[PDB]
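Only one structure is covered here, and it is reproduced in the block below.
What follows is calculated from the coordinates using simple rules that are stated; it is not laboratory data. As a convention, Cβ positions derive from the backbone with ideal geometry for all residues, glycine included, and neighbour counts pool all protein chains shown.
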Amino acid sequence: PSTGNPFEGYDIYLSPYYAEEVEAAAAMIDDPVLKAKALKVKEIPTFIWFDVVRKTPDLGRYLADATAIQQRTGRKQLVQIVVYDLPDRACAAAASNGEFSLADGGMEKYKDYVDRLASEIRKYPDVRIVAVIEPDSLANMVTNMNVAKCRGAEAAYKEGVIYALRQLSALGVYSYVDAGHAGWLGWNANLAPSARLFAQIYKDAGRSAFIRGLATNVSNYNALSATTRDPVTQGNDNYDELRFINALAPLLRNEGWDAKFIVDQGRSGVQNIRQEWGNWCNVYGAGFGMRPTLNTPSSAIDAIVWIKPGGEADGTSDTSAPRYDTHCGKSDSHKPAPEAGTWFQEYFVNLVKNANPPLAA
């Protein structure tokens, strides 16, 4: 347990999954300046996504690796992971449809997926783990209950997240539950219902101190602190993540949860690149953003992080593909784009090019 920042005094384990993707990406880059910059990216900590159940054994391999690094160097390792396999996943979109279906034993399959993750963690208990819990799940219950799939997935999302939280907390994993972003849950009308909902999940999950708080901006592109206001944010007083967090935090406290936050800035380097705030799929000309750091602009924020690993696609732009979503066909999307989660070379090259602050060789 701990009252304070779980990232404090730890080396962050560097994703080998992402390192190999970056190394292969770098090998194909013409420009030697862009090549040397691309290579710097694998030294920047990212989160490791378990978006499919066949990846669960990889966790044991990562924990064994981090354990061996810890024993060899004497330096404490922290492994950053994402839990992302709810049944009827991403109910308002087709892009990240998911392997588990509520029509086909999805809930029980999901509990087994969590149990599999837990049994790897039990195998290697000497390394601290920070887990992001189920991006693009509960945020849907606030604003998207007009969608048939979301309405049908509600009890499953709650039960699934609560179960994930209870199993991981028992093992001393630090959890941050996904809480959308400023252009989703930051709108004044959505603030109180969000604080209510996440506080409820926190209660049902036993109020364990290992349930540290919430993760924002996962797989999105919002500024943490906007020097200049992006026009796409007009109408919303919370036009950046800091404003969103500062608006939501005191509401959470009164609802019985003094929650902390982490903020994705992995693709936040270039602002003003969206026609609508709701456009999220492979947004064209994005850049790597603010680097992971514990030097944050608020007491509520444990860390700036890179959760979504830049270069992995958000969704396919192929109109004939089963998982095609209209958001991935928009004029401000990078096209042609491959399936969600797969390597998107052209996009990564722009991320590197457009890095802000710029990447060093």
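Summary of values
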{"item": "Highest-fluctuation residue, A215, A223, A103 considered, GNM on the chain with Cα pairs under 10 Å", "result": "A103"}
{"item": "Sites matching GluC sites (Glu not before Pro) across segment 78-165 that sit in DSSP coil, with at most 16 neighbouring C-beta atoms within 10 Å", "result": "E99"}
{"item": "Neighbour-count order for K109, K123, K260, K37, fewest beta carbons within 10 angstrom listed first", "result": "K123, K109, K37, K260"}
{"item": "Test item: Cα-centred dipole of segment 214-361, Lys/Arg +1 and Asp/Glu -1 on Cβ, debye", "result": "260"}
{"item": "Radius 14 Å from Cβ of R116, net charge of other residues (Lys, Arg +1; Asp, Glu -1)", "result": "-1"}
{"item": "Karplus 3J(HN,Hα) series, Hz, for segment 332-337 with 6.51 cos²θ - 1.76 cosθ + 1.60 (x for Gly, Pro)", "result": "9, 8, 6, 10, x, 10"}
{"item": "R207 paired with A170, simple spin-label distance in nm, labels 7 Å along Cα-to-beta-carbon", "result": "2.1"}
{"item": "Cα gyration tensor shape of segment 30-155, rounded if a/c is under 1.5, else prolate or oblate by comparing a/b with b/c", "result": "oblate"}
{"item": "Vicinal HN-Hα couplings computed from phi for segment 134-139 (Karplus, 6.51 cos²θ - 1.76 cosθ + 1.60; Hz; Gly/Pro x)", "result": "6, x, 6, 10, 4, 3"}
{"item": "Cβ-based charge dipole, the chain, positive-most Cα from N356, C150, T319", "result": "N356"}
{"item": "Environment charge at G106 (Cβ cut-off 13 Å; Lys +1, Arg +1, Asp -1, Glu -1)", "result": "-3"}
{"item": "For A303, distant residues with modelled amide H under 5 Å away", "result": "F261, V263"}
{"item": "Estimated dipole of the chain in Debye, rounded to 20 [Cβ of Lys and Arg +1, of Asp and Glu -1, Cα centre]", "result": "700"}
{"item": "Gaussian network model of the chain, Cα within-10 Å springs - most flexible of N190, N222, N97", "result": "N190"}
{"item": "Additional length obtainable on full extension of the chain from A68 to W343, 0.36 nm per residue less Cα span", "result": "96.1 nm"}
{"item": "GNM flexibility winner over the chain from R243, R128, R54 (Cα, springs under 10 Å)", "result": "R54"}
